[PDB]
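Enquirer: Kindly return the folded structure for what I paste below:
(one chain, ligands or ions: 1)
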Amino acid sequence: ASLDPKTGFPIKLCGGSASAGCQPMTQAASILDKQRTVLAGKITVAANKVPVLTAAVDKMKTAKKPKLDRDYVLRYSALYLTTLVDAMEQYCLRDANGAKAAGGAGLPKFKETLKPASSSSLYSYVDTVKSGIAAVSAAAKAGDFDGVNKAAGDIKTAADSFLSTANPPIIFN
Ligand code: CLA
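Expert: Numbering: from 1, shown residues only. You can find the structure just below:
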(Lines give C-alpha, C1' and ligand atoms only; values in the text may rest on other atoms or scores of the structure.)
Protein backbone atom coordinates (compact mmCIF):
# COMPACT_ATOMS: atom_id res chain seq x y z
CA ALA A 1 0.00 0.00 0.00
CA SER A 2 3.08 2.13 0.45
CA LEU A 3 6.82 1.82 -0.25
CA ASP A 4 9.40 0.85 2.42
CA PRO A 5 11.17 3.90 3.93
CA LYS A 6 14.68 2.38 3.49
CA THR A 7 14.58 -0.63 1.07
CA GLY A 8 11.82 1.00 -1.06
CA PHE A 9 10.18 -2.39 -1.84
CA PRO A 10 6.33 -2.82 -1.82
CA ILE A 11 5.18 -3.12 1.82
CA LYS A 12 -7.85 -11.99 -4.46
CA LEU A 13 -8.07 -15.23 -6.48
CA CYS A 14 -10.86 -15.30 -9.14
CA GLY A 15 -11.34 -17.73 -12.08
CA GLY A 16 -11.61 -16.21 -15.59
CA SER A 17 -11.15 -12.69 -14.11
CA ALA A 18 -7.84 -10.98 -13.17
CA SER A 19 -9.70 -9.10 -10.36
CA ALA A 20 -6.48 -7.06 -9.76
CA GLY A 21 -5.06 -10.22 -8.12
CA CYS A 22 -1.63 -9.78 -6.44
CA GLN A 23 -0.73 -13.44 -7.27
CA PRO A 24 1.40 -13.98 -10.45
CA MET A 25 -0.66 -15.28 -13.48
CA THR A 26 -3.64 -13.30 -12.07
CA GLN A 27 -1.77 -9.94 -11.96
CA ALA A 28 -3.73 -7.16 -13.75
CA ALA A 29 -0.89 -4.58 -13.52
CA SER A 30 0.90 -3.50 -16.74
CA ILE A 31 4.72 -3.65 -17.12
CA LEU A 32 4.41 0.20 -17.14
CA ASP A 33 2.77 0.10 -13.65
CA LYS A 34 5.54 -2.26 -12.42
CA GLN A 35 8.16 0.18 -13.86
CA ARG A 36 6.29 3.02 -12.07
CA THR A 37 6.40 1.22 -8.66
CA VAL A 38 10.19 0.66 -9.20
CA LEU A 39 10.81 4.39 -9.95
CA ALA A 40 8.54 5.44 -7.03
CA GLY A 41 10.40 3.08 -4.65
CA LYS A 42 13.72 4.61 -5.80
CA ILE A 43 12.23 8.13 -5.26
CA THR A 44 11.14 6.96 -1.76
CA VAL A 45 14.66 5.71 -0.81
CA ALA A 46 16.38 8.95 -1.97
CA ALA A 47 13.85 11.27 -0.22
CA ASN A 48 14.07 9.22 3.03
CA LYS A 49 17.89 9.72 3.00
CA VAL A 50 17.34 13.54 3.11
CA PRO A 51 16.94 13.37 6.96
CA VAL A 52 20.46 11.77 7.14
CA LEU A 53 22.06 14.86 5.49
CA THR A 54 20.06 17.17 7.82
CA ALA A 55 21.56 15.33 10.85
CA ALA A 56 25.11 15.48 9.44
CA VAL A 57 24.87 19.27 8.82
CA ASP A 58 23.55 19.78 12.39
CA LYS A 59 26.54 17.79 13.78
CA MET A 60 28.89 19.99 11.65
CA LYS A 61 27.48 23.30 13.03
CA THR A 62 27.35 22.05 16.69
CA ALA A 63 31.09 21.13 16.54
CA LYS A 64 33.55 23.40 18.44
CA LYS A 65 35.08 24.56 15.11
CA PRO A 66 32.08 24.45 12.69
CA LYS A 67 33.15 23.66 9.08
CA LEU A 68 30.97 22.62 6.10
CA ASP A 69 32.28 19.42 4.44
CA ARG A 70 31.78 20.55 0.81
CA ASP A 71 32.92 16.99 -0.01
CA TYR A 72 30.12 15.33 2.08
CA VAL A 73 27.41 17.77 0.90
CA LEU A 74 28.54 17.44 -2.78
CA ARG A 75 28.95 13.61 -2.50
CA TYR A 76 25.49 13.18 -0.88
CA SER A 77 24.07 15.41 -3.66
CA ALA A 78 25.88 13.28 -6.30
CA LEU A 79 24.66 10.01 -4.71
CA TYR A 80 21.07 10.88 -3.72
CA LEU A 81 19.90 14.03 -5.51
CA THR A 82 20.94 12.89 -8.99
CA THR A 83 19.11 9.60 -8.25
CA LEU A 84 15.96 11.43 -7.07
CA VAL A 85 15.93 13.93 -9.99
CA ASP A 86 16.49 11.25 -12.68
CA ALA A 87 13.80 8.95 -11.16
CA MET A 88 11.28 11.84 -10.92
CA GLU A 89 12.04 12.77 -14.57
CA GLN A 90 11.46 9.11 -15.65
CA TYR A 91 8.14 8.92 -13.74
CA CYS A 92 7.11 12.18 -15.47
CA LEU A 93 8.10 10.73 -18.89
CA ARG A 94 6.11 7.48 -18.39
CA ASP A 95 3.07 9.58 -17.32
CA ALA A 96 3.36 11.93 -20.37
CA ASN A 97 3.87 9.39 -23.23
CA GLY A 98 2.46 6.20 -21.59
CA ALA A 99 3.85 2.92 -23.03
CA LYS A 100 6.35 4.60 -25.44
CA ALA A 101 8.63 5.25 -22.43
CA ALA A 102 8.38 1.70 -21.05
CA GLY A 103 10.44 0.36 -23.97
CA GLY A 104 7.68 0.55 -26.60
CA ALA A 105 9.93 2.84 -28.68
CA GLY A 106 12.96 0.55 -28.19
CA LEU A 107 16.36 0.71 -26.45
CA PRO A 108 16.97 4.00 -24.59
CA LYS A 109 18.63 6.11 -27.34
CA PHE A 110 19.18 9.77 -28.36
CA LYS A 111 16.49 11.28 -30.66
CA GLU A 112 13.86 9.41 -28.56
CA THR A 113 10.97 10.99 -30.59
CA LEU A 114 8.57 10.59 -27.60
CA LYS A 115 6.72 13.21 -25.46
CA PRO A 116 9.31 14.93 -23.17
CA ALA A 117 9.40 14.63 -19.34
CA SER A 118 8.90 18.44 -19.33
CA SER A 119 5.21 19.59 -19.69
CA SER A 120 4.07 16.69 -17.43
CA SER A 121 1.49 17.54 -14.70
CA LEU A 122 3.97 16.29 -12.03
CA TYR A 123 7.00 18.02 -13.66
CA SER A 124 6.67 21.17 -11.46
CA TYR A 125 7.83 19.06 -8.44
CA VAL A 126 10.93 17.93 -10.47
CA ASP A 127 11.77 21.66 -10.97
CA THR A 128 11.66 22.19 -7.15
CA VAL A 129 14.20 19.33 -6.60
CA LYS A 130 16.50 20.78 -9.32
CA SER A 131 16.41 24.12 -7.42
CA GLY A 132 17.15 22.17 -4.20
CA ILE A 133 20.27 20.55 -5.75
CA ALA A 134 21.51 24.00 -6.87
CA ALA A 135 20.93 25.40 -3.35
CA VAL A 136 22.69 22.40 -1.68
CA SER A 137 25.77 23.03 -3.89
CA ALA A 138 25.63 26.87 -3.57
CA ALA A 139 25.35 26.61 0.24
CA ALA A 140 28.26 24.10 0.42
CA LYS A 141 30.56 26.45 -1.55
CA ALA A 142 29.34 29.38 0.61
CA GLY A 143 29.87 27.51 3.91
CA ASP A 144 26.25 28.31 4.90
CA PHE A 145 25.07 25.48 7.21
CA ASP A 146 21.50 26.85 7.38
CA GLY A 147 21.32 26.99 3.55
CA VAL A 148 22.02 23.22 3.15
CA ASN A 149 19.40 22.35 5.85
CA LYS A 150 16.50 24.34 4.27
CA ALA A 151 17.45 23.27 0.71
CA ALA A 152 17.32 19.56 1.71
CA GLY A 153 13.97 20.28 3.42
CA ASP A 154 12.68 21.88 0.17
CA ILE A 155 13.69 18.69 -1.74
CA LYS A 156 12.00 16.52 0.94
CA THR A 157 8.70 18.47 0.65
CA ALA A 158 8.86 18.34 -3.18
CA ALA A 159 9.50 14.55 -3.36
CA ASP A 160 6.69 13.86 -0.82
CA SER A 161 4.37 16.16 -2.85
CA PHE A 162 5.29 14.29 -6.08
CA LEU A 163 4.43 10.87 -4.62
CA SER A 164 1.10 12.09 -3.17
CA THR A 165 -0.20 13.50 -6.51
CA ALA A 166 1.40 10.54 -8.39
CA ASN A 167 -0.63 7.98 -6.34
CA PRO A 168 1.80 5.26 -7.73
CA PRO A 169 0.17 1.76 -7.92
CA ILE A 170 2.01 -0.42 -5.34
CA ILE A 171 2.34 -3.83 -7.08
CA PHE A 172 3.41 -7.00 -5.22
CA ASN A 173 4.18 -9.31 -8.18
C1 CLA B 1 18.41 -9.73 -16.20
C2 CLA B 1 18.90 -8.50 -16.05
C3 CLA B 1 18.16 -7.34 -15.64
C4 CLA B 1 17.26 -7.14 -14.62
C5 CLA B 1 16.74 -8.06 -13.62
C6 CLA B 1 16.81 -5.73 -14.72
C7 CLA B 1 15.86 -5.17 -13.86
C8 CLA B 1 15.30 -3.93 -14.03
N9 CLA B 1 15.55 -3.03 -15.03
MG10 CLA B 1 17.19 -3.18 -16.32
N11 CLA B 1 18.37 -3.54 -18.01
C12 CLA B 1 19.10 -4.67 -18.22
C13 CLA B 1 19.06 -5.85 -17.45
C14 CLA B 1 18.29 -6.04 -16.35
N15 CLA B 1 17.44 -5.10 -15.74
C16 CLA B 1 19.87 -4.56 -19.45
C17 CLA B 1 20.78 -5.59 -19.95
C18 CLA B 1 19.47 -3.37 -20.05
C19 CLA B 1 19.96 -2.82 -21.31
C20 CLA B 1 19.09 -3.25 -22.46
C21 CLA B 1 18.54 -2.73 -19.13
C22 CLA B 1 17.94 -1.48 -19.34
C23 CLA B 1 17.00 -0.92 -18.50
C24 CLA B 1 16.29 0.36 -18.66
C25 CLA B 1 16.57 1.33 -19.70
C26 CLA B 1 15.33 0.40 -17.67
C27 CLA B 1 15.50 -0.84 -16.89
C28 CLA B 1 14.54 -0.97 -15.85
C29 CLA B 1 14.55 -2.04 -15.00
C30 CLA B 1 13.55 -2.31 -13.88
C31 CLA B 1 12.20 -2.78 -14.39
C32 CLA B 1 12.25 -4.07 -15.18
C33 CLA B 1 11.77 -3.75 -16.56
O34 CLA B 1 11.77 -2.66 -17.10
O35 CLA B 1 11.32 -4.81 -17.28
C36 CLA B 1 10.81 -4.44 -18.57
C37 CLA B 1 10.94 -5.62 -19.46
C38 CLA B 1 10.66 -5.56 -20.77
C39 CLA B 1 10.21 -4.31 -21.42
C40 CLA B 1 10.81 -6.76 -21.64
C41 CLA B 1 11.77 -7.78 -21.06
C42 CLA B 1 11.23 -9.18 -21.17
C43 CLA B 1 10.37 -9.55 -19.96
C44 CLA B 1 11.07 -9.16 -18.68
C45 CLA B 1 10.09 -11.04 -19.94
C46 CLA B 1 8.64 -11.35 -20.19
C47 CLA B 1 8.45 -12.85 -20.19
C48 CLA B 1 7.06 -13.25 -20.65
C49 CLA B 1 6.18 -13.56 -19.47
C50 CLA B 1 7.15 -14.46 -21.58
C51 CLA B 1 6.88 -14.08 -23.02
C52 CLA B 1 5.46 -13.62 -23.23
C53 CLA B 1 5.15 -13.47 -24.71
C54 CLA B 1 3.89 -12.66 -24.92
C55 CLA B 1 6.31 -12.83 -25.43
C56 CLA B 1 14.26 -3.40 -13.04
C57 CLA B 1 14.89 -2.82 -11.80
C58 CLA B 1 13.65 0.26 -15.94
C59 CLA B 1 13.54 1.02 -14.64
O60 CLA B 1 12.52 1.42 -14.08
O61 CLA B 1 14.74 1.28 -14.05
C62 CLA B 1 15.11 2.65 -13.86
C63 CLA B 1 14.26 1.16 -17.05
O64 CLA B 1 13.85 2.28 -17.31
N65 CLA B 1 16.54 -1.56 -17.33
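
Enquirer: longest helix of the protein?
Expert: helix 145-166 (DSSP state H).

Enquirer: helices or strands up against it?
Expert: helix 31-48, helix 50-62, helix 82-97, helix 123-142 (3 or more CB pairs under 8 Å, 6 or more residues apart in numbering; DSSP states H and E). All C-beta spots, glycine's among them, are computed from the backbone N, C-alpha and C.

Enquirer: which residues make contact with the shortest one from outside it?
Expert: Taking contacts as CB atoms under 8 Å, 6 or more residues apart in numbering, the residues outside helix 50-62 that touch it are 66-69, 72-73, 76, 80, 136, 145, 148-149, 152-153, 155-156, 159.

Enquirer: same thing with the last one?
Expert: Among residues not part of helix 123-142, those counted as contacts by CB under 8 Å, 6+ apart are 53, 68, 70, 73-74, 76-77, 81-82, 84-85, 88-89, 92, 117, 120, 145-148, 150-152, 154-155, 157-159, 161-162, 165.

Enquirer: Please list the residues of this protein that sit near the ligand.
Expert: With the criterion set to CB under 6 Å from any ligand atom, the chain comes near the ligand through 31, 35, 38-39, 103, 107-108.

Enquirer: Buried subset of those, written for PyMOL?
Expert: Listed next is the PyMOL selection for buried residues among the residues of the chain next to the ligand, using 16 or more other CB atoms under 10 Å:
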select buried, resi 35+38+39
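
Enquirer: any chance of the residues of the chain next to the ligand in CSV, plus distance to residue 2?
Expert: Output for the residues of the chain next to the ligand, formatted as CSV (distance: CB to CB, whole Å):
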residue, distance to residue 2
31, 22
35, 18
38, 15
39, 15
103, 27
107, 32
108, 29
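
Enquirer: got the buried residues for the longest helix of the chain?
Expert: 145, 147-149, 151-152, 154-156, 158-159, 162-163, 166.

Enquirer: angle of that helix against helix 31-48?
Expert: Orientation of helix 145-166 against helix 31-48 (axes from the mean of the first three to the mean of the last three CA atoms, to 10 degrees) gives an angle of 160 degrees.

Enquirer: which residues are in contact with helix 145-166?
Expert: So helix 145-166 is contacted by 36, 40, 43-44, 46-47, 50-51, 53-54, 57-58, 60-61, 66, 68, 73, 81, 84, 88, 91, 95, 121-122, 125-126, 128-129, 131-133, 135-136, 138-140 (CB under 8 Å, 6+ apart).

Enquirer: Just the buried residues out of those, in PyMOL syntax.
Expert: Selecting only the buried entries of the contacts of helix 145-166 in PyMOL, with 16+ other CB under 10 Å as the criterion:
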select buried, resi 36+40+43+44+46+47+50+53+57+60+68+73+81+84+88+91+95+122+125+126+128+129+132+133+135+136+139+140
